[PDB]
């Protein structure tokens, strides 16, 4: 893929929650559930704007708590998020530190979704007392996602993944070079 980013429609991921996604890396926020995806999958770097993950919708399913591996539920609900943001390698190595040298994070996962609290996704996805999970993701039509996109924050903002074909088909396009 352009830039050496690692971008696939379905796979295994870890999951955490974060807040403050009103000025996200794609340059448009959204009112439905949203997430940041790890940098290696996002397709950009801090400051460079939108990458090719932008606007794509994914069904996320948490099925394991790696910090308490004998917990077997209840988990949260499967949710559909729209990717609006970038979870950078910097400062977030445990979960978002996938790079060309180390394509899996500390939980052995090649992808990570950081689900934004601001529009409620994390409240549905994480059971009380279990704020970090592993499980699966699958790219789905954004017709399965509920919400509306926000206005552009800056020129070149992009959420065109919302109607593009599944990865590895492209949409917004990658910027720069994959983290190494």
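Positions refer to the first chain, counted from 1.
S.K.: So 12-20 or 168-176, which one's hotter by mean CA B-factor in the entry?
M.R.: Of 168-176 and 12-20, the stretch with the higher C-alpha B-factor average is 168-176.
S.K.: Which one of 48, 60, 54, 41 shows the biggest C-alpha B-factor in the PDB entry?
M.R.: Answer for 48, 60, 54, 41: 48, with the highest C-alpha B-factor.
S.K.: Rank-wise, by C-alpha B-factor, drop residue 158 into the lowest, middle or highest third of its chain.
M.R.: Tercile = middle for this residue's CA B-factor.
S.K.: Considering only modelled residues of the same chain, in which third does the CA B-factor of residue 134 rank: lowest, middle or highest?
M.R.: Residue 134: CA B-factor falls in the lowest third of its chain.
S.K.: Which third of the chain holds residue 124 when residues are ordered by C-alpha B factor: lowest, middle or highest?
M.R.: It belongs to the highest third of the chain when residues are ordered by C-alpha B-factor.
S.K.: Is residue 37 in the lowest, middle or highest third of its chain when residues are ranked by C-alpha B-factor?
M.R.: Ranked within chain, residue 37 CA B lands in the lowest tercile.
S.K.: If you rank the chain by CA B-factor, which third does residue 88 end up in: lowest, middle or highest?
M.R.: Lowest third of the chain for residue 88's C-alpha B-factor.
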